[PDB]
Structures are given as structure tokens and as C-alpha cells.
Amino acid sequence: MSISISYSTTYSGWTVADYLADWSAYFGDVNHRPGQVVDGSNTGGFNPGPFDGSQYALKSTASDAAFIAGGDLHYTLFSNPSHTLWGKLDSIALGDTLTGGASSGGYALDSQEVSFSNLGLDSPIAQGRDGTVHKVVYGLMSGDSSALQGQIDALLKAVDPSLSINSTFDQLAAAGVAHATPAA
């Protein structure tokens, strides 16, 4: 099953690349880095956890932005290769106001902007932080969505070579890849 995109009508005339660059600058950087994860304020969380989930979600420390990564995800914590997020990444949902978590049966967003599904990414543990899943998710944590952009671009081009990260959301909808959020 090919990449599928949901978008708010707000972004109909935006390119995916422009949207993601703006979103990354808006979410910012939670400074989740060695020596800087010293309490619970910039960890994110897994469903179900503690270190593995069908979801990993993180709130911005700068804005009301959040993302939810869906798949079959694993974090090595202190085990070699340390601080590696790996496994299957099927979806990324971007928006405002993270809700829920493991204790309530899943994470959600009150105000999703855009989501990307059927990403088909799967990175093995032995690649460590060179894994694509790691780079995609860590990029979203740290204010740089270039890894995500690159993966979306490749998926779109494989559907049809006229599609790209520089297609508008409405162009992707005309191609059958994207769907605007229902009206009313």
C-alpha cells in the first residue's frame, strides 16, 4: 500500500516541503541530547512503553506543536548502540495539542494539521543512529525535518515521477495520494 496523506484545507496550496520546513521551525528543538535529558520535560513517551511502542509521541517545549510516530518502535536507551530509535515507522502525524498516552490506550492530537501514512520504513538495531527511522524521528525532535522530507519525496516519486515533496497538497490529492480533511 502506497503513501497516503491527510491534510487540512489550510495547506491545500502549500508544497509538502514548505509545510514541513515551517512545521519544524514551529515545533523547534526540544534539546533531547546527551547530558540534556535530565527530567521528564523533553523525553516524549511510548505506547505502551516503557521503551517500545506502537506509538512514540513528543510535545514541543517551545509551542503547542506535537508529533506522533506510529509503527513498531524500539529505543535502546543505554544498551549498545545507545540512544537508537529503531524498528518500523509507518506513520507521522503533525499538529497541535497532544492528548492521551499509554495509560489511556493511545496518543492522539486534538488538532492535526497533516499526517503521512504507509511510510514503509524499517530500520534494524545494528545501524544505530545511522538508521533511517532514527534520523527521521530525531529530526522531528530537533528542528530539522530534512530526513522526513527525503523519505516522503522518494515515496511520492515511486508512485509517479511527476509527484514530489514540491507538489502542493492539492496536486497530491488530484493524484489520489492525499485527501483534504472533510468539510463542516
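Superpose the two forms; the largest set of C-alphas matching within 1.5 Å is the rigid core. We number the residues from 1 along the sequence you see.
Take 4-12 and 174-182, fit the other structures onto the shown form by the rigid core, and average the C-alpha distances in 5 other deposited structures of this protein: the farther stretch is 174-182.
Greater average departure of CA atoms from the shown form, over structures and residues in 5 other deposited structures of this protein after a core fit, characterises 40-48 among 59-67 and 40-48.
With 70-78 and 99-107 compared on mean CA B-factor from the PDB entry, the stretch scoring higher is 99-107. Of the two segments examined, 48-56 and 150-158, it is 150-158 that shows the higher average Cα temperature factor in the deposited entry. Compared with the other modelled residues of the chain, the Cα B-factor recorded for residue 35 ranks in the middle third.
The deposited CA B-factor of residue 61 belongs to the highest third of values across its chain.
In the deposited entry, the Cα temperature factor of residue 143 sits in the top third of values across the chain's modelled residues.
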